[PDB]
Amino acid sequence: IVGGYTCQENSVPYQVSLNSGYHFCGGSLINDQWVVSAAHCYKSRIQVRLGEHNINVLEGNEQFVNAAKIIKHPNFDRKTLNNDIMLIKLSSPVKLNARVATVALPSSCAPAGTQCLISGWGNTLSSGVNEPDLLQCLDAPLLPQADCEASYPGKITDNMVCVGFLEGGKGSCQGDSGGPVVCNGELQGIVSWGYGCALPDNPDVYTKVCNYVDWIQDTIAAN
């Protein structure tokens, strides 16, 4: 997250880190046994770390659970990033509490102009690398579909939504994929892609979670 602020300790209790040796992607806890993230964060072995604030220090609040099943959306396209969503079933249910909590799935699609909270442990710089120890947060608006299309002509599908500021300065970056974009208490986006980090007229584009609520619920039931 470039141009954001340190999140207050465990103000984001649904945020998880996906770890395979080091942190490579975020995700969101949607119920005590399932995590939603981006399909491009797929790895065959993933450990989910819940209740994290400082990713590099054992604080004693964390729960570390291995992924038992990882299910990518059946229509994920590796090149256009259409349908970039993945579900992870935890080996055992987590212990829900102060620091580890669920985020609600959306009621409807949020309209352009809604403010959203994005969080992650990704790179903090637009040029150069500086990975934070502590979770970063950013407040940014869902942009209108037309501006999204004008920034990335031909690459935006109806399953994508742009968030950010077209004059740049703030945005998610490498290490933030799979993380939550929560707008009014509901998970509306999943961090996916953008050109550069926080560059003028290249906003962030997220997977539009409101198009997948029934696929999510039906997959958790069959599994």
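Note that residue numbering follows the sequence shown and begins at 1.
Residue range whose averaged C-alpha B-factor is higher in the record, 22-30 or 57-65: Taking the mean C-alpha B-factor of 57-65 and of 22-30, the larger value falls to 57-65.
Between 145-153 and 113-121 (mean CA B-factor, as deposited), the higher: Per the PDB entry, the higher value belongs to 145-153.
From 190, 46, 35, 198, pick the one with the largest CA B-factor in the entry? The listed residue with the largest C-alpha B-factor is 198.
Residue with highest C-alpha B-factor in the PDB entry, from 185, 51, 178, 171: Spelled out: the listed residue with the top C-alpha B-factor is 185.
Ranked C-alpha temperature factor of residue 136 among modelled chain residues, by third: Residue 136: CA B-factor falls in the lowest third of its chain.
According to the PDB entry, is the CA B factor of residue 222 in the bottom, middle or top third of its chain, that is, lowest, middle or highest? Residue 222: CA B-factor falls in the highest third of its chain.
According to the PDB entry, is the CA B factor of residue 94 in the bottom, middle or top third of its chain, that is, lowest, middle or highest? CA B-factor rank for residue 94: highest third.
Cα B factor band for residue 130 (lowest, middle or highest third within the chain): It falls in the top third of the chain.
Report the third (lowest, middle or highest) to which the CA temperature factor of residue 41 belongs, ranking only the modelled residues of the same chain. Answer is lowest: the recorded C-alpha B-factor places it there.
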